[PDB]
Amino acid sequence: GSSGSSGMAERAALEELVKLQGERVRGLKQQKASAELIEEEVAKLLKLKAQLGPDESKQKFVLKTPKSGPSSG
């Protein structure tokens, strides 16, 4: 959920969540599921990747809420 520090196995299991979330999202877009679930599962796909630390695909500097710390459970 939010656990470990520089565990390789923990990163593999996290990357599994990223993969499976991203595959499920791809499926949902295909499956004509609720668009309202899709964007929520896509926001979870964003949140999780934003814990891994994604590649710098051009600069952004989009601001955020004041240290919101959106965990889950």
# chains A, B, ... in the order shown; residues from 1 in each chain; ligands from 1
>>> residues_around(residues="residue 20 in chain A", least_positions_apart="6", cutoff="10 Å", atoms="only C-alpha atoms", output="list in words")
residues 14, 26 and 45 of chain A
>>> residues_around(residues="residue 43 in chain A", least_positions_apart="5", cutoff="12 Å", atoms="only C-alpha atoms", output="number ranges by chain")
A: 18, 21-22, 25, 36-38, 48-50, 70
>>> residues_around(residues="residue 51 in chain A", least_positions_apart="4", cutoff="9 Å", atoms="only C-alpha atoms", output="number ranges by chain")
A: 2, 14, 46-47
>>> write_last_selection(atoms="C-alpha atoms", output="mmCIF file, in the first residue's frame")
data_model
loop_
_atom_site.group_PDB
_atom_site.id
_atom_site.type_symbol
_atom_site.label_atom_id
_atom_site.label_comp_id
_atom_site.auth_asym_id
_atom_site.auth_seq_id
_atom_site.Cartn_x
_atom_site.Cartn_y
_atom_site.Cartn_z
ATOM 1 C CA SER A 2 2.653 2.443 1.217
ATOM 2 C CA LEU A 14 4.514 -2.424 -6.596
ATOM 3 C CA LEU A 46 -1.259 7.914 -11.567
ATOM 4 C CA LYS A 47 -0.985 7.744 -7.712
#
>>> residues_around(residues="residue 23 in chain A", least_positions_apart="5", cutoff="12 Å", atoms="only C-alpha atoms", output="PDB file with N, CA and C atoms, in the first residue's frame")
ATOM      1  N   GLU A  15       5.338  -2.628  -8.874  1.00  0.00           N
ATOM      2  CA  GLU A  15       5.327  -2.600 -10.327  1.00  0.00           C
ATOM      3  C   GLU A  15       4.259  -3.560 -10.850  1.00  0.00           C
ATOM      4  N   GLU A  16       4.008  -4.670 -10.149  1.00  0.00           N
ATOM      5  CA  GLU A  16       2.887  -5.547 -10.409  1.00  0.00           C
ATOM      6  C   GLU A  16       1.578  -4.774 -10.283  1.00  0.00           C
ATOM      7  N   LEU A  17       1.383  -4.006  -9.199  1.00  0.00           N
ATOM      8  CA  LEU A  17       0.192  -3.171  -9.056  1.00  0.00           C
ATOM      9  C   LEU A  17       0.116  -2.199 -10.224  1.00  0.00           C
ATOM     10  N   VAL A  18       1.222  -1.559 -10.618  1.00  0.00           N
ATOM     11  CA  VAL A  18       1.219  -0.640 -11.750  1.00  0.00           C
ATOM     12  C   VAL A  18       0.775  -1.371 -13.023  1.00  0.00           C
ATOM     13  N   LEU A  28     -10.734  -1.954 -19.190  1.00  0.00           N
ATOM     14  CA  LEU A  28     -11.952  -1.197 -18.905  1.00  0.00           C
ATOM     15  C   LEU A  28     -12.341  -0.292 -20.074  1.00  0.00           C
ATOM     16  N   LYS A  29     -11.353   0.392 -20.658  1.00  0.00           N
ATOM     17  CA  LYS A  29     -11.542   1.253 -21.818  1.00  0.00           C
ATOM     18  C   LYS A  29     -12.075   0.441 -22.996  1.00  0.00           C
ATOM     19  N   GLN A  30     -11.566  -0.774 -23.222  1.00  0.00           N
ATOM     20  CA  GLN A  30     -12.079  -1.706 -24.205  1.00  0.00           C
ATOM     21  C   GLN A  30     -13.497  -2.165 -23.829  1.00  0.00           C
ATOM     22  N   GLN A  31     -13.766  -2.481 -22.558  1.00  0.00           N
ATOM     23  CA  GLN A  31     -14.925  -3.238 -22.104  1.00  0.00           C
ATOM     24  C   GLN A  31     -16.174  -2.358 -22.015  1.00  0.00           C
ATOM     25  N   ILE A  38     -13.244   4.282 -14.847  1.00  0.00           N
ATOM     26  CA  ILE A  38     -12.042   4.398 -15.664  1.00  0.00           C
ATOM     27  C   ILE A  38     -11.172   5.539 -15.145  1.00  0.00           C
ATOM     28  N   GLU A  41      -9.713   4.736 -11.675  1.00  0.00           N
ATOM     29  CA  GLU A  41      -8.721   3.685 -11.778  1.00  0.00           C
ATOM     30  C   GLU A  41      -7.462   4.183 -12.501  1.00  0.00           C
ATOM     31  N   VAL A  42      -7.599   5.180 -13.373  1.00  0.00           N
ATOM     32  CA  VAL A  42      -6.524   5.915 -14.029  1.00  0.00           C
ATOM     33  C   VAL A  42      -5.851   6.860 -13.024  1.00  0.00           C
ATOM     34  N   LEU A  45      -3.834   4.611 -11.091  1.00  0.00           N
ATOM     35  CA  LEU A  45      -2.686   4.326 -11.934  1.00  0.00           C
ATOM     36  C   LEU A  45      -1.667   5.481 -11.897  1.00  0.00           C
TER      37      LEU A  45
END
>>> atom_distance(atom1="CA of residue 52 in chain A", atom2="CA of residue 11 in chain A")
7.6 Å
>>> decode(residues="range 13-32 of chain A", atoms="N, CA, C and O atoms", output="compact mmCIF listing (two decimals), in the first residue's frame")
# COMPACT_ATOMS: atom_id res chain seq x y z
N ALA A 13 6.61 -6.08 -6.61
CA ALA A 13 5.21 -6.19 -6.23
C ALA A 13 4.44 -4.89 -6.47
O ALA A 13 3.25 -4.93 -6.81
N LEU A 14 5.09 -3.73 -6.31
CA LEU A 14 4.51 -2.42 -6.60
C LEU A 14 4.32 -2.27 -8.10
O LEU A 14 3.28 -1.81 -8.54
N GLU A 15 5.34 -2.63 -8.87
CA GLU A 15 5.33 -2.60 -10.33
C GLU A 15 4.26 -3.56 -10.85
O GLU A 15 3.60 -3.26 -11.84
N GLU A 16 4.01 -4.67 -10.15
CA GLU A 16 2.89 -5.55 -10.41
C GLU A 16 1.58 -4.77 -10.28
O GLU A 16 0.76 -4.85 -11.19
N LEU A 17 1.38 -4.01 -9.20
CA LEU A 17 0.19 -3.17 -9.06
C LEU A 17 0.12 -2.20 -10.22
O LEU A 17 -0.96 -2.04 -10.79
N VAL A 18 1.22 -1.56 -10.62
CA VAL A 18 1.22 -0.64 -11.75
C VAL A 18 0.78 -1.37 -13.02
O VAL A 18 -0.10 -0.87 -13.73
N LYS A 19 1.37 -2.53 -13.33
CA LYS A 19 1.08 -3.34 -14.49
C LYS A 19 -0.39 -3.71 -14.48
O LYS A 19 -1.07 -3.42 -15.46
N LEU A 20 -0.86 -4.36 -13.42
CA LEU A 20 -2.20 -4.90 -13.31
C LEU A 20 -3.23 -3.78 -13.31
O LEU A 20 -4.27 -3.95 -13.95
N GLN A 21 -2.96 -2.64 -12.68
CA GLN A 21 -3.81 -1.46 -12.75
C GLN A 21 -3.87 -0.97 -14.20
O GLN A 21 -4.96 -0.73 -14.72
N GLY A 22 -2.73 -0.84 -14.88
CA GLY A 22 -2.64 -0.35 -16.25
C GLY A 22 -3.29 -1.30 -17.25
O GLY A 22 -3.88 -0.85 -18.24
N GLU A 23 -3.16 -2.62 -17.06
CA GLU A 23 -3.84 -3.64 -17.85
C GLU A 23 -5.33 -3.61 -17.58
O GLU A 23 -6.10 -3.56 -18.54
N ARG A 24 -5.77 -3.55 -16.32
CA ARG A 24 -7.19 -3.47 -16.02
C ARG A 24 -7.80 -2.23 -16.65
O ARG A 24 -8.79 -2.35 -17.33
N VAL A 25 -7.17 -1.05 -16.50
CA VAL A 25 -7.60 0.19 -17.14
C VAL A 25 -7.72 0.04 -18.66
O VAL A 25 -8.69 0.53 -19.24
N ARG A 26 -6.76 -0.62 -19.33
CA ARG A 26 -6.80 -0.83 -20.76
C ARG A 26 -8.02 -1.70 -21.08
O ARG A 26 -8.80 -1.34 -21.96
N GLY A 27 -8.19 -2.79 -20.34
CA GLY A 27 -9.38 -3.62 -20.43
C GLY A 27 -10.63 -2.78 -20.23
O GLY A 27 -11.50 -2.83 -21.09
N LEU A 28 -10.73 -1.95 -19.19
CA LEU A 28 -11.95 -1.20 -18.91
C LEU A 28 -12.34 -0.29 -20.07
O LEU A 28 -13.52 -0.21 -20.43
N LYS A 29 -11.35 0.39 -20.66
CA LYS A 29 -11.54 1.25 -21.82
C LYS A 29 -12.07 0.44 -23.00
O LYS A 29 -13.00 0.92 -23.66
N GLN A 30 -11.57 -0.77 -23.22
CA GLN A 30 -12.08 -1.71 -24.20
C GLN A 30 -13.50 -2.17 -23.83
O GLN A 30 -14.36 -2.23 -24.70
N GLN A 31 -13.77 -2.48 -22.56
CA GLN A 31 -14.92 -3.24 -22.10
C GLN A 31 -16.17 -2.36 -22.02
O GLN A 31 -17.22 -2.82 -21.57
N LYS A 32 -16.08 -1.08 -22.39
CA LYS A 32 -17.06 -0.04 -22.11
C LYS A 32 -17.56 -0.14 -20.66
O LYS A 32 -18.77 -0.20 -20.41
